[PDB]
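Structure at a glance
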Amino acid sequence: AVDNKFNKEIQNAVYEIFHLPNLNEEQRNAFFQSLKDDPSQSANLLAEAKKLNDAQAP
Amino acid sequence: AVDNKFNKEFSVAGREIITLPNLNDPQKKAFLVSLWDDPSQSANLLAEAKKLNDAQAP
């Protein structure tokens, strides 16, 4: 029984998501809720966040 | 069993922390880990981060 805490992965995804300047507040809240519920999916969530950030660039 | 909506508080307070220009990279990351781990402490953490930022001003 391996205890995977994902400390590095979570903290990296959080820091990067906060720096994506084109996300809205609702989007950040959705990503953080999904990460808290399933921290194994940090890479999926960060990739999606980056894609939305870029789609919402002025 | 109250849901304290601390996911939304993490999002709002975290953004404020990362927008403090005079904090360094490990300082902002230390604040964010504490916030993620205990979002009930958001106001205390934000206050501490603001005082630290305002004090490290050029």
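The present account deals with the structure reproduced in this document.

1. Things to note about the overall build of chain B
Broken down by element type, chain B carries 3 helices and 0 strands. Listed N to C, the secondary structure of chain B is α-α-α in terms of helices and strands. Seen through its principal axes, chain B has C-alpha atoms that stretch 45 × 15 × 15 Å. Of all intrachain contacts in chain B linking residues separated by at least 6 positions in sequence, the fraction that spans at least 24 positions is 58%.

2. What about the packing of aromatic side chains?
Two numbers describe a pair of aromatic rings. These are the distance of the centres and the angle of the planes. As enumerated under the stated definition, the model contains 4 aromatic pairs over all chains in all. Between A:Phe18 and B:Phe10, the ring centres sit 5.7 Å apart and the planes meet at 45 degrees, which makes this aromatic pair tilted. Pair noted here: A:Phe18 is in helix α1 (residues 7-18) and B:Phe10 is in helix α1 (residues 6-18), and the two residues belong to different chains. The buried category is assigned to A:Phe18, whose relative accessible area is 6%. Relative to B:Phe10, the ring of A:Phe32 lies with its centre 5.0 Å away and its plane at 90 degrees, an arrangement referred to as edge-to-face.

3. As for the side chain of A:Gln27
Residues and elements named next belong to chain A. Relative to the elements of secondary structure, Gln27 occurs in helix α2 (residues 25-37). A residue is classified by how much of its surface remains accessible, and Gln27, at 15% relative accessible area, is buried. Discounting chain neighbours no more than four positions away, the residues touching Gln27 are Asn22, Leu52 and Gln56.

Scoring rules and cut-offs
Within every chain, numbering proceeds from 1 in written sequence order, not necessarily in step with the numbering of the entry, and residues without coordinates do not appear. Working convention: letters from A go to chains and numbers from 1 go to ligands, in the order in which they are written. The side-chain values count all of the structure's non-hydrogen atoms but skip hydrogen atoms and water molecules. Residues with missing side-chain atoms are left out of burial classes, side-chain pairs and their counts. A run of H or I in DSSP becomes a helix once it reaches four residues, and a run of E becomes a strand once it reaches two; helices and strands are each numbered from the N terminus. Note on definitions: a residue-residue contact is assigned when non-hydrogen atoms from the two residues lie within 4.5 Å. Only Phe, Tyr and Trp rings are paired, with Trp represented by its six-membered ring, and only when their centres lie within 6.5 Å; those with planes under 30 degrees apart are stacked, over 60 edge-to-face, the remainder tilted. Think of it in three bands: with a 1.4 Å probe and only protein chains considered, a residue is buried below 20% of the maximum accessible area for its type, exposed above 50%, and partly exposed in between.

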